[PDB]
Amino acid sequence: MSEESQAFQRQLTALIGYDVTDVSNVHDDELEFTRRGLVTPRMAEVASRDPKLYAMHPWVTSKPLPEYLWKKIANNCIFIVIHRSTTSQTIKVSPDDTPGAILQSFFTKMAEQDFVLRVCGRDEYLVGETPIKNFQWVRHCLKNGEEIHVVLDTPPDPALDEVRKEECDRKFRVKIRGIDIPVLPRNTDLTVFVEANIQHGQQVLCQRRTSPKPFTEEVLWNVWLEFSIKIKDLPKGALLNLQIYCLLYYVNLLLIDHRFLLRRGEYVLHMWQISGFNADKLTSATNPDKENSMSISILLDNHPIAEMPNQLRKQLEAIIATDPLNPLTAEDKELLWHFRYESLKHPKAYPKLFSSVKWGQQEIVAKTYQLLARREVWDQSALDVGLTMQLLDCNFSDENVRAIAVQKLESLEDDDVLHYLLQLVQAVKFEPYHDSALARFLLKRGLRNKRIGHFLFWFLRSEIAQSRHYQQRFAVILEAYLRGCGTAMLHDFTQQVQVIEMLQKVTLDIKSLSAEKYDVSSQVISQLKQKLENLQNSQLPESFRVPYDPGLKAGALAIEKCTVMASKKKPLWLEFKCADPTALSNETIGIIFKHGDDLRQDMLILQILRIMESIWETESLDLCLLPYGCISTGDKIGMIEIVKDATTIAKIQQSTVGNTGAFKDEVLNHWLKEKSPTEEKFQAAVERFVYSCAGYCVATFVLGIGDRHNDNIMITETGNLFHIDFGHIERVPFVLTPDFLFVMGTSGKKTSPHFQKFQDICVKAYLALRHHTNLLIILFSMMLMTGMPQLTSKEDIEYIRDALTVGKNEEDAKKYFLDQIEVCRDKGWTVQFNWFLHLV
Ligand SMILES: CC(C)n1ncnc1-c1cn2c(n1)-c1cc([S@@](=O)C3CCN(C(C)(C)C)CC3)ccc1OCC2
């Protein structure tokens, strides 16, 4: 390659955090094969995008204006404050007017046609053939009662986005030679054996075991494990799962490679160790640490192409109506399979139908592909996100089954792709092969829209930086995106990466300078300021896009306002000046850098919270959640958005009584009244407290994270309650302590108007979520599988079934949640005290 070609690859390696040209941990060429394969999908999307619209990336929805936003429009009139340098003029606009129309009514209101409306202080453009009511920034201002402020400037030049040009009927058997680990402690007396499983979509097609032997550094067997399944019956995507029991170690091997070739020859596989079921157990990558890991040595030596009776119908309809977690009896599977063509008429049956396929039989697999040829009902069906996500989880390894799921995602608009982007990225872990329709879909949508591409960058990079199991696959996908996003975005990502990596280093250096066991000294703060002083000059980039808020550009550090938080983790509290002079306020941009909690769990929770917001929006319900920004950037390290004018509920308590323990009921209401500028703003804060407390009580109860220490609950000075710090997990279903009830005017068995409103809001929000039970269940199970240490498959996932009271009518569901509110009233301060004791 050319000299600049090598320098460009080094540029990509720095952005990715991993060298895709490094081949220290591969036993085939699938990764390089995938790099070539993703060239055509990338270039096809680069060729299809409009240069002007890609440069301005308008954030737009097609959903109707919610009712709670329509009543916020007084006279079918929306006010836009248009700025031109130091001047400003207010314009009345119809909710259906387009940006081009309101631009015309602006110049006409005077008495060259190449200007653009941009949000003041943000890289957010109000352009395109779209009603102004369908811009997300307009709806954000409507919901929060902010004035729509816009500047009149020049569109960004699409030339900046330039992309650089490219340049056997025999039974299956495996020989288990032995296992090897370099060092083993002298002590104890341990036995060990090897379990060999043929797996497809977590179905165990066949299983064989070796004999148990004493556990030494080298254990040898030299046995043939002969299975009953024939070679010609091995489905594509099937895994040879090898596991050592004393479960201690595991490793997987694709029996059919990316070229439809049966795996053959000698293999020395370095295995993963179980830390003292989940997505990591499905990876075909081997342990990169080949010096100290357990290895297993095997030998492979063994090509593809190329009406119901009314009572049985009732049983089938009952099977289809059950939740995605309901286990399928063998009788149920034979029912779904034999009445194949009736099951095809029910889109919600497809997950259970394909779980009834005998994937270990080639003739049955062929019958399944014949079934999917007549796909009229599925192609015409309305897009069901939850249904589609079921077909992309760990239970389906067939490429054609997963392909028809990705086909349905193609109709998602950019607004909804952003809602599910994080989950779709995680679902790549469930793909048997590196190059898949799901991976190409993500690549496609990220290249089509700069906001999707921005979050796709940081979602992929988060896994690359800390997931040994999937960093190789995600790095090839990220490289494919970076080679098509354009020069301007490559420049932006470079500025962001250099900033976060410099701040990551400062974060780790500060935490080693202090201890959780002790308090924050002026010494530790002085160390921080000196380190930031060295970064600032020199050299910190002049500005960078905020990773969790790409519309915001942060400038220089305000070092005088930077400090180390008094928490146990000693996270950094950083504040940056805003680099956009057209901004309305001189407010700083606050960013928290924290080590070390798994912020990937925070990411998953906050994204589900935003999904619950969209669910409630479709029912004209506003619950006033506050899903702040949060992005994991490495192993137990990442960044968090600073919400202004907010404090923790524990700090409000301790402001009065101080490092106990003995919580008081009236302190929260006193705090809200003190922080309220007027009585009118105070009453609005209490109203916002009622809604947000109900929204979080319902949301945290469904997700099973309701029992929280009030140090992890925050409140804004404008009354917005919100939970924080999810990288963690007598009892309570949620937090509804006497201080919360006092704000609502209630104190121990005394129903107040605000508390009755809280009860009615909770029930309505709860019933609204139950109409999306299957969606919430699939998001919940996927979250445990891709974000948690280890997941019990059949029980941990079972909690949300009872929480969503599956199978009960709305009356029993309503009483169920009202009883949960009563448990909190009966428990009082008890559970909070036990949490405080747990943290003394
Ligand atoms: C608690 C922290 C471990 N954590 N862990 C995970 N997630 C979080 C988190 C998330 N958020 C916050 N924390 C947050 C905290 C505070 S207060 O703690 C802060 C108030 C300001 N003071 C100064 C001005 C420096 C004296 C210090 C204490 C204020 C605003 C916040 O933004 C909302 C999102």
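Every number here is computed from the coordinates shown, using simple stated rules; none is lab data. Reconstructed Cβ throughout: ideal geometry from the backbone, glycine too, with neighbour counts over all protein chains shown.
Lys pairs in segment 645-833, Cα-Cα under 13 Å, at least 8 apart or on separate chains: how many?
Details: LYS651/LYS664; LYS673/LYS681; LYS749/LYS827; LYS764/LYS814; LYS764/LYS815.
Taking segment 645-833 as the scope, the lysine pair count is 5.
Any idea how far the Cα center of segment 225-285 sits from the one of segment 794-837, in Å?
41 Å
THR494 to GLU334: extension gain in nm, 0.36 nm per residue of separation minus the Cα-Cα distance?
Details: separation 160, 0.36 × 160 = 57.60 nm, distance 5.50 nm.
Taking 0.36 nm per residue and subtracting the Cα distance, the gain is 52.1 nm.
Please work out the FRET efficiency for the pair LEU839 and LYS636, using the Cβ-Cβ distance as r and a Förster radius of 22 Å; give the result to the nearest 0.05.
Result of the calculation: an efficiency of 0.70.
For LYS171, give me every one of the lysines with a C-alpha distance below 21 angstrom, ignoring sequence neighbours fewer than eight places off in its own chain.
Qualifying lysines at Cα under 21 Å: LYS230, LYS232, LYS236, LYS358.
List every residue whose amide H lies under 5 Å from the amide H of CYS206, counting only residues 5 or more places away in sequence or on a different chain, with H placed 1.01 Å from N in the peptide plane.
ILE198
How big is the dipole moment of the chain about its Cα centre under a simple scheme where the beta carbon of each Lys and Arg is +1, that of each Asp and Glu is -1, and everything else is neutral? Debye, nearest 20, please. Let's see the in-between values first.
Details: 97 positive and 108 negative charges, 194 e Å.
Dipole magnitude for the chain comes out near 940 debye.
Would you mind checking segment 219-262 for residues with the amide N under 12 Å from a putative spin-label position 7 Å along Cα→C-beta of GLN370?
Nothing falls inside the zone, counting backbone N under 12 Å.
Let me make sure I get this right: for the chain, a, b and c are the square roots of the gyration tensor eigenvalues over alpha carbons, sorted descending. Under 1.5 in a/c it's rounded, otherwise prolate if a/b > b/c, else oblate. Which is it? Before the final figure, lay out the partial values.
Working: a/c = 1.43, a/b = 1.36, b/c = 1.05.
Verdict is rounded for the chain.
Work out the FRET efficiency for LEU152 and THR13 from their Cβ-Cβ distance, taking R0 = 51 Å, and round it to the nearest 0.05.
Computed FRET efficiency for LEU152 and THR13: 0.80.
Taking +1 at the Cβ of each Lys and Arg and -1 at the Cβ of each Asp and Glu, which of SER355, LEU604, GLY658 sits farthest along the dipole of the chain towards its positive end, judged by Cα position relative to the Cα centre?
Towards the positive end, the residue furthest out is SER355.
Name the shape class, rounded, prolate or oblate, that the alpha-carbon gyration tensor gives for segment 303-486, where a ≥ b ≥ c are the square roots of its eigenvalues, rounded holds for a/c under 1.5, and otherwise prolate holds if a/b is larger than b/c and oblate otherwise. Before the final figure, lay out the partial values.
Values: a/c = 2.27, a/b = 1.93, b/c = 1.18.
Verdict is prolate for segment 303-486.
Under a plain spin-label model, where a point goes 7 Å from the Cα along Cα-to-Cβ, how far apart in nm are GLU363 and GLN6?
Distance between label points: 5.9 nm.
Could you work out how far the C-alpha centroid of segment 611-625 sits from that of segment 364-411, in angstrom?
What the calculation gives is 28 Å, centre to centre.
Can you tell which of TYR250, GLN273, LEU262 lies farthest toward the positive end of the dipole of segment 224-319, using +1 and -1 charges on the Cβ of basic and acidic side chains (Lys, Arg; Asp, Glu)?
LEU262
Any idea how far the Cα center of segment 153-204 sits from the one of segment 55-118, in Å?
Rounded to whole Å, the Cα centres lie 52 Å apart.
Residue-wise, which Karplus ³J(HN,Hα) couplings in Hz belong to segment 536-551, taking 6.51 cos²θ - 1.76 cosθ + 1.60, θ = phi - 60°, and x for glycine or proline?
Residue by residue, segment 536-551 yields 3, 9, 9, 9, 9, x, 4, 7, 7, 6, 5, x, 7, 9, x, x Hz.
Between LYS232 and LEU513, how many nm apart are label points set 7 Å from Cα along the C-beta direction?
My value for the distance between the label points is 7.1 nm.
Would you mind working out the magnitude of the charge dipole of segment 599-755 relative to its Cα centre, with +1 at each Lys and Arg C-beta and -1 at each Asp and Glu C-beta, to the nearest 20 Debye?
Working: 14 positive and 20 negative charges, 56 e Å.
Roughly 260 debye for segment 599-755.
Separation between the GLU317 and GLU680 pseudo-spin-labels, each 7 Å from Cα along Cα→Cβ, expressed in nm?
5.6 nm
So, with +1 on the Cβ of K and R and -1 on the Cβ of D and E, and no other charges, what is the size of the charge dipole of segment 2-166 about its Cα centre, to the nearest 20 debye? Walk me through the numbers on the way to the answer.
Values: 19 positive and 25 negative charges, 220 e Å.
That gives a dipole near 1060 debye.
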